[PDB]
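For reference, the structure discussed in these notes is given below.
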Amino acid sequence: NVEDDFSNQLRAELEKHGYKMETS
Amino acid sequence: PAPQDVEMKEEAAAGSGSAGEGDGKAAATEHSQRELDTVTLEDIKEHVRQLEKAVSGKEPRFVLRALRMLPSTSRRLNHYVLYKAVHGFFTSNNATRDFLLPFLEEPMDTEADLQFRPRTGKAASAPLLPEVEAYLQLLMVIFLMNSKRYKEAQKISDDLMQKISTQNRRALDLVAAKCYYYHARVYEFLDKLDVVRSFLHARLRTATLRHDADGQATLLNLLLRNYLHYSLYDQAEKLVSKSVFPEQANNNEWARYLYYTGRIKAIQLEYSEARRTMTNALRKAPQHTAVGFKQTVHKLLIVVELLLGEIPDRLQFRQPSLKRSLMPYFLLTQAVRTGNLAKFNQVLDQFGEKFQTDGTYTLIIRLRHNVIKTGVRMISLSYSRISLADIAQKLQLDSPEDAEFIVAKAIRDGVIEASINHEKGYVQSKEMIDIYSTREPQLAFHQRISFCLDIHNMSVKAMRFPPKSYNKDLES
Amino acid sequence: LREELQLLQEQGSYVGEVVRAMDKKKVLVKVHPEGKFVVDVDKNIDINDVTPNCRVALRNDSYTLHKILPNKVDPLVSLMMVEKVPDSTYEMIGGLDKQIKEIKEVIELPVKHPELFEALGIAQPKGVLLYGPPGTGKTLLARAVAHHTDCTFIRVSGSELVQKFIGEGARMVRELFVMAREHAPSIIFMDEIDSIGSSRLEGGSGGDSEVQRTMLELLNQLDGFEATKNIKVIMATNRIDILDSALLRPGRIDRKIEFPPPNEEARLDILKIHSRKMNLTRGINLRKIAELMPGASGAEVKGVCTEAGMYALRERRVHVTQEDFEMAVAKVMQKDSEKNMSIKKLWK
Amino acid sequence: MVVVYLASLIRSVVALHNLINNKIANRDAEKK
Amino acid sequence: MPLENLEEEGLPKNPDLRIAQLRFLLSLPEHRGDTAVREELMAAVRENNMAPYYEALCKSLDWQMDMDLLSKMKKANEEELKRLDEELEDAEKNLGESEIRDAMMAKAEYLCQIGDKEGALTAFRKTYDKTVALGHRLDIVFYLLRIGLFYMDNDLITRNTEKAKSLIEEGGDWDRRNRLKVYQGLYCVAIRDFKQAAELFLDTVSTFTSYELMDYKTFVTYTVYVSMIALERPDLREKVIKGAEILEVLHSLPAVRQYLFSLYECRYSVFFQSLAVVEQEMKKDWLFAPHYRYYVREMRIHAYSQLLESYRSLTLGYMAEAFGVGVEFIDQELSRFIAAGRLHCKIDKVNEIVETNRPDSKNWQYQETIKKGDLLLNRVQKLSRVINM
Amino acid sequence: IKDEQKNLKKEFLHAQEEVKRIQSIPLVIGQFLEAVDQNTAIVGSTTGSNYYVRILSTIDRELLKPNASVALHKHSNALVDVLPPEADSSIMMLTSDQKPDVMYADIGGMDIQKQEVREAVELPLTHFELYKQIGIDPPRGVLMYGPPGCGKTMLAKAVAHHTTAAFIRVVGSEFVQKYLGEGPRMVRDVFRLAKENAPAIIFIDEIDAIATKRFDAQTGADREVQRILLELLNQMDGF
Amino acid sequence: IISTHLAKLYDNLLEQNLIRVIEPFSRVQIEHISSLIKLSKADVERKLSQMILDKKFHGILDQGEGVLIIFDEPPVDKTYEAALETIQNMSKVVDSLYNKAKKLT
């Protein structure tokens with residue numbers, strides 16, 4: 047909805063990990 | 028002595044009464060009268076008269092000096108408020124509110140329409156009797172929980188109030204319609220297993236032939252509450268279904284009708300009809316005077332909208348300044364978003380004491396289903412084809428079967444609106460799009476316009492009525 | 059609407075003018091392009107109910123007078139408008155106290171109360187000469203008093219353009235006076251620029267100055283209007299050498315009002331008023347602009363501001379660059395400074 | 257519909273109290 | 001100058017930074033004399049890790065205020081208030097043109113520095129009315145405005161803004177105008193809206209004076225990020241890279257420009273790298289809202305939006321590769337956006353094909369008409385009953 | 061009363077039809093002179109007759125008052141309708157037809173002058189919003205002066221092809237005298253068409269007989285030449 | 318001078334090459350656009366993505382076949398676009414009506 051920033055932080059870190067291995 | 032007790036309380040009620048009773052018998056002036064009644068009359072009597080020159084005060088001096096000594100339980104409730112033969116639950120003021128000294132000061136002076144107590148000792152010489160009995164009774168019922176009177180006084184305005192107007196003309200019902208309403212707000216407050224119903228029902232049927240829609244409305248509200256106390260679902264179910272609810276009755280009373288209706292239906296899992304009523308309820312209520320009812324309605328409202336499969340807005344909980352009380356309700360909304368059981372179940376218990384008080388607790392148990400349900404519909408709607416395994420992890424479900432069973436209950440109702448294909452094990456959404464090469468939009472619009480239409484004829488019609496009542500009324 | 063079908067038919071209805079009413083119980087109305095018509099008195103009028111030079115409404119079903127029209131256009135207002143004067147007040151020059159105090163003395167007191175001059179002795183103002191170059195805001199003070207007094211300030215720029223009642227001077231004394239007198243008071247502001255002719259500058263030194271001499275001498279003497287005069291003929295001119303001796307005459311001129319050529323104080327005041335509307339940028343000083351010019355004219359003073367704003371517009375910046383004010387004052391300055399050595403002008 | 261109703265809400269108290277005084281006045285006024 | 005304090009005070013506040021950050025925040029009040037403003041700023045935050053004092057919370061921030069800092073704080077706040085009292089008194093008696101205008105002025109750099117509202121409310125208002133050098137008035141009104149932002153009181157700030165608005169066109173100094181844009185913008189973020197704030201912000205970038213502002217490098221990076229939350233990819237992207245902004249500044253934009261560039265290029269792979277670097281540097285140093293959701297959410301949809309516009313169908317396999325973020329994460333991020341109605345695509349994950357509904361013709365619009373209609377109708381049904389009775 | 065109201069609706073149409081005949085042609089053209097009331101008004105016609113006229117309800121009466129063309133009946137006496145100030149114009153125009161043997165591009169010279177024309181002619185057409193925004197004390201007319209053949213007119217035309225905007229040759233040749241009071245009226249017409257037909261420039265080559273120093277005006281023809289000048293000046297203050 | 322004109326030229330050239338490719342073929346092959354423009358298959362699709370967004374030929378690139386489609390698919394239409402804005406505005410008006418309406422109750 048709104049007040050997303052908190053979860054967003056967690057989303058960003060995990061996503062990076064997934065982002066390095068997978069990327070072309 | 029206190030000159031404030033006498034001049035304010037006797038005059039204020041006098042103007043109001045005369046003008047309504049007289050106007051109502053004469054012509055249908057009803058829109059104008061309703062606007063006066065809710066906002067001005069209730070506020071003025073309640074707030075300012077408490078702190079005068081004497082302790083308390085609603086209007087119990089117009090039920091003491093244009094009483095007319097009626098056969099009503101206006102006098103009976105009066106004796107308790109002052110002292111005539113019994114002190115009652117509230118003491119008398121010797122600052123000239125006395126019932127111990129009757130026939131003290133009057134500023135009103137003669138005029139039959141105005142009411143006057145030493146002009147006549149009985150009103151039983153005309154068909155006026157039911158409306159003036161109703162009027163004084165009205166003043167009384169509002170005050171009774173206010174000044175912390177209990178026991179006998181509440182019960183003789185539940186069965187006996189009903190006895191006073193059951194034989195009526197249109198005018199008489201219209202004054203009595205009010206009288207029943209101000210009784211309704213005290214009635215919600217104390218629960219009884221005692222059956223007030225008999226009189227209420229029997230009077231409902233005879234008055235419909237007599238005329239007056241407003242009287243019919245108020246009795247339906249009173250009656251929903253009677254079931255609530257008993258806490259029997261079945262009896263209430265009969266009453267909501269049968270009724271449609273007409274629109275002639277004031278705005279405050281509609282809000283009470285919607286709140287009660289919304290509350291009961293949702294338990295059954297009829298979240299759909301109930302949400303509509305509750306949302307209308309909040310909005311229907313008055314301003315600052317309403318505030319205490321409004322907060323209870325605001326607690327129920329998040330729960331009924333949450334039950335549907337919606338996740339209500341977070342700002343809403345925040346904004347009224349009952350934020351604190353609203354805080355568990357917001358947490359329930361968050362638990363529904365994530366789909367986790369563990370937060371939802373622990374909150375329900377901890378805050379359970381606070382929920383029971385509101386009356387919401389019965390609905391809150393049904394919300395457990397929603398926690399998982401909202402999550403699966405959100406994910407499927409967004410991305411159509413997802414494996415059964417993926418939904419199980421997200422919600423914290425037992426199995427891919429556990430998810431499939433949620434989808435099975437839902438589909439027939441239409442909530443989740445998807446289907447399980449165990450061809451490989453996925454849930455597949457029904458969804459497609461390109462409705463404008465099919466006739467189907469003309470229907471969507473067609474119902475919307477039909478619905479609007481009946482209201483348009485009503486809009487033109489109602490609009491003109493109140494300025495015209497005022498022009499017909501004589502003014503200085 | 060049904061009834062409107064019948065109502066609309068007539069033989070028309072006009073707006074006519076009553077040249078004179080007549081004490082014969084008939085009234086003479088002349089329709090605007092068409093000749094005169096005599097028609098009887100109506101119920102709606104008699105002869106105390108219509109008096110000379112009243113434009114009227116007519117029912118043209120007999121040319122008979124319908125009602126007297128509540129609209130009646132004044133030629134003095136028209137004149138003031140077509141030429142254009144932007145009104146102003148004491149503030150604009152403000153701080154040269156003696157200068158504003160003097161214009162009030164001459165105009166304001168003998169129009170409002172004629173009694174004050176009756177006591178003083180001297181005939182109420184006939185010729186008041188305001189002379190000296192423009193750009194000192196000489197016109198602007200005249201406007202101020204004329205508005206307050208509720209006299210119509212009718213501007214002549216040297217032209218018999220704004221004489222339309224026959225359209226040649228010397229009859230611009232008589233017709234102009236009668237109209238002005240009728241809708242009185244009036245302040246006739248005759249600005250004698252005298253840029254007309256090349257054979258009118260040998261007739262008096264201005265076509266307008268010939269007119270003004272006619273008007274001055276005649277009006278002083280006329281009827282009781284010398285010490286009962288209230289339609290002032292106030293004169294304005296650029297220089298004192300383009301006048302007639304007749305105007306310069308002390309017995310015709312009650313007061314004489316001297317203006318210096320453009321000064322630094324006047325130029326500071328004009329720049330400041332315009333800067334409020336203009337955009338600015340840091341490091342602009344109006345004092346340098348005011349100091350450099352020698353000035354000469356009414357046109358020039360405001361023109362510096364106009365030119366600064368225009369130059370910024372051609373650039374497409376919405377701040378007024380520091381250089382814009384410099385360019386505007388420089389070009390204008392350069393023309394004016396040149397003139398005392400050799401003749402030139404700002405215009406052809 | 258809203259506009260009229262708002263005008264009505266302020267007018268109401270005034271108009272309804274006054275009615276009783278004018279009513280009495282009318283009956284007596286009528287006779288002469 | 002006092003603006004430097006808010007940005008530093010943002011630094012402990014935001015969730016990309018915390019404890020160390022108080023030592024730097026503390027240094028600025030001793031130097032400027034902004035000491036009263038800092039003390040005031042602790043109350044405004046209402047605890048999000050702030051308050052470095054030996055007076056209280058010694059190990060809670062693990063930084064503390066100094067002894068010289070304390071005596072100086074008291075000395076500075078009292079001197080300004082002391083002067084104010086006498087000047088207010090002496091000023092009334094003499095000339096209204098000259099004396100009062102000067103007296104208020106003399107106070108004013110100092111009065112904002114302390115941030116004292118009460119002394120300010122009376123003194124500030126008197127100066128403005130009386131005309132003088134027009135540029136001067138504008139500067140002064142700006143100090144009045146700085147005090148109100150510190151508290152985060154809605155009321156005081158709105159009140160302050162209005163006097164400046166009247167004055168700015170009057171002077172017409174476009175340099176001075178540009179300052180008013182920054183103050184409004186801080187306040188606009190303060191309530192919630194970056195969207196309002198963004199519009200003002202873009203204008204300020206053109207002409208800039210660093211007086212009553214912090215620094216030009218700090219502001220340009222702010223402007224490009226705030227513009228971006230409001231504006232879509234085509235126009236903002238062209239202005240920052242192809243225009244003047246990176247060349248003149250001589251590099252401080254790289255984080256925000258990288259984030260826009262990926263959209264333009266249609267290589268999403270850079271977009272996902274750019275998010276972390278911009279978040280910490282540019283967005284989160286802010287007292288007025290270090291709230292990532294507006295920024296982050298708007299940018300994530302803008303990235304998807306262009307990809308959806310360009311093809312009716314795509315594979316998952318292509319989506320996953322382009323972004324470089326995983327298959328699950330891309331679905332998860334999408335789940336909010338589709339449901340909210342920012343976007344309208346679906347992923348048929350198990351078969352690895354994505355179908356996209358196009359934004360073209362009557363159909364997309366019909367879906368839309370209905371959405372506005374349902375709520376409108378709902379409000380209507382309530383309205384019809386309430387007015388009628 | 062219910063059925064009656066429906067009946068009355070049919071009468072309104074019947075009535076509307078009947079009136080409509082009266083309402084149309086013969087229709088004379090006036091100018092809307094002034095308003096005495098908002099039920100009857102004064103309009104001044106083009107044979108010079110001023111008329112006291114009724115306003116026929118089939119238009120508004122709040123969009124009635126400006127000075128613009130209008131219609132009045134001869135003898136069914138109604139201000140039947142209102143018409144734009146655009147109507148009433150006998151002046152021709154060549155936007156860029158019979159193209160001059162010059163352009164801004166087809167010269168390079170008169171560079172010093174290229175700033176002076178650019179500012180005067182071009183800027184309000186292209187972007188008036190910029191003009192408004194700076195704040196200035198505007199001049200009435202703008203004057204270009206030099207000796208003839210110095211390229212002053214040439215250049216104003218040259219910019220006009222470069223901008224792409226209409227041009228109107230407005231000169232004493234365009235103005236027509238043959239009836240008394242027709243001459244000043246023609247001046248108003250040109251001004252009202254120019255403002256309607258933006259972007260455009262009205263250029264006067266020789267105001268050498270539009271404006272003369274002598275007005276005898278004891279002769280009908282001489283009297284019109286003075287009127288023509290008066291009107292030029294008053295419309296020009298507005299423009 | 319060079320920066321601006323070279324941008325016009327590059328863009329123009331892309332535009333010329335593309336118009337001839339769409340005009341007689343709908344679902345035209347990727348090899349055919351690669352060949353006319355004189356680029357590699359990956360490079361044209363990328364650049365095209367941007368162009369679609371600007372809507373400078375009113376087509377769509379279909380990835381699920383790897384074909385480019387040009388069809389009449391005009392953005393919105395005039396009645397509905399204006400109406401969408403009208404329905405939005407009404408929503409604010411009904412809200413205002415709700416505030417006003419409070420006073421009755």
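Residue numbers (the deposited numbering), protein chains in the order written: chain Y, 47 to 70; chain S, 28 to 503; chain J, 59 to 406; chain U, 257 to 288; chain R, 1 to 389; chain K, 61 to 299; chain Q, 318 to 422.
The C-beta atom is built at its ideal place from N, Cα and C for all residues, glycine as well.
{"Check": "Local conformation of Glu189 (chain K) per DSSP, three classes", "Outcome": "helix"}
{"Check": "Residue-level contact to chain U via CB, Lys419 (chain Q), 8 Å cutoff", "Outcome": "no"}
{"Check": "Three CB pairs or more closer than 8 Å across the stretch 168–180 of chain S and the stretch 75–85 of chain S", "Outcome": "yes"}
{"Check": "Contact belief for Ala339 (chain R) with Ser411 (chain S) at Cβ below 8 Å, rounded distance in angstroms", "Outcome": "Not a contact, Cβ separation roughly 13 Å."}
{"Check": "Beta-carbon neighbours of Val376 (chain J), restricted to chain R and to distances below 8 Å", "Outcome": "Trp174"}
{"Check": "Whole-angstrom C-beta distance between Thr186 (chain K) and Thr223 (chain K), which should lie under 8 Å", "Outcome": "7 Å"}
{"Check": "For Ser305 (chain R), the first and last residue of its enclosing alpha helix (DSSP H)", "Outcome": "292–310"}
{"Check": "Residues sharing a beta bridge with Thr122 (chain R), DSSP", "Outcome": "According to DSSP, which records beta bridges pairwise, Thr122 (chain R) is partnered with nothing at all."}
{"Check": "Classification of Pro308 (chain J) by the beta-carbon crowding that lies within 10 angstroms, buried from 16 upward", "Outcome": "exposed"}
{"Check": "Local Cβ density within 10 Å of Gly261 (chain J), reported as buried at 16 or more and exposed below that", "Outcome": "exposed"}
{"Check": "Beta-carbon separation (whole angstroms), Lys163 (chain R) vs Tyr128 (chain R), contact threshold 8 Å", "Outcome": "6 Å"}
{"Check": "Where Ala147 (chain K) sits in the DSSP three-state scheme", "Outcome": "coil"}
{"Check": "Terminal residues of the beta strand (DSSP E) in which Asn110 (chain K) lies", "Outcome": "110–115"}
{"Check": "Contacting residues, own chain, Cβ-Cβ under 6 Å from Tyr259 (chain R) (five flanking each side not counted)", "Outcome": "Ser274, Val278"}
{"Check": "Status (buried if at least 16 other CB within 10 Å, exposed otherwise) for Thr387 (chain S)", "Outcome": "buried"}
{"Check": "Residue-level contact to chain R via CB, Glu274 (chain S), 8 Å cutoff", "Outcome": "yes"}
{"Check": "CA nearest to the CA of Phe201 (chain R), picked from R:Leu213, R:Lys181, R:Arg192, R:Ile191", "Outcome": "R:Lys181"}
{"Check": "Exposure of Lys217 (chain K), with buried meaning 16 or more beta-carbon neighbours within 10 Å", "Outcome": "buried"}
{"Check": "Between the CA atoms of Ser166 (chain R) and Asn296 (chain J) - distance to the nearest angstrom", "Outcome": "41 Å"}
{"Check": "Pick from R:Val270, R:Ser206, R:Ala198, R:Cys266 that is closest to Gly243 (chain R), judged by C-alpha positions", "Outcome": "R:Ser206"}
{"Check": "Pick from J:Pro144, J:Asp81, J:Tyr148, J:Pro352 that is closest to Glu396 (chain J), judged by C-alpha positions", "Outcome": "J:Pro352"}
{"Check": "Simplified DSSP assignment, three categories, for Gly90 (chain K)", "Outcome": "strand"}
{"Check": "Contact with chain S by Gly341 (chain R), beta-carbon distance below 8 Å", "Outcome": "no"}
{"Check": "Sufficient close CB pairs (3 or more, under 8 Å) joining the stretch 130–141 of chain R to the stretch 92–105 of chain R", "Outcome": "yes"}
{"Check": "Alpha carbon of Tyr294 (chain R) to alpha carbon of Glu199 (chain R), nearest angstrom", "Outcome": "15 Å"}
{"Check": "Rounded distance between the beta-carbons of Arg114 (chain K) and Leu139 (chain K), thought under 8 Å", "Outcome": "7 Å"}
{"Check": "Assumed close pair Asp302 (chain J), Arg271 (chain J) - CB separation to whole angstroms, cut-off 8 Å", "Outcome": "5 Å"}
{"Check": "Local conformation of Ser503 (chain S) per DSSP, three classes", "Outcome": "coil"}
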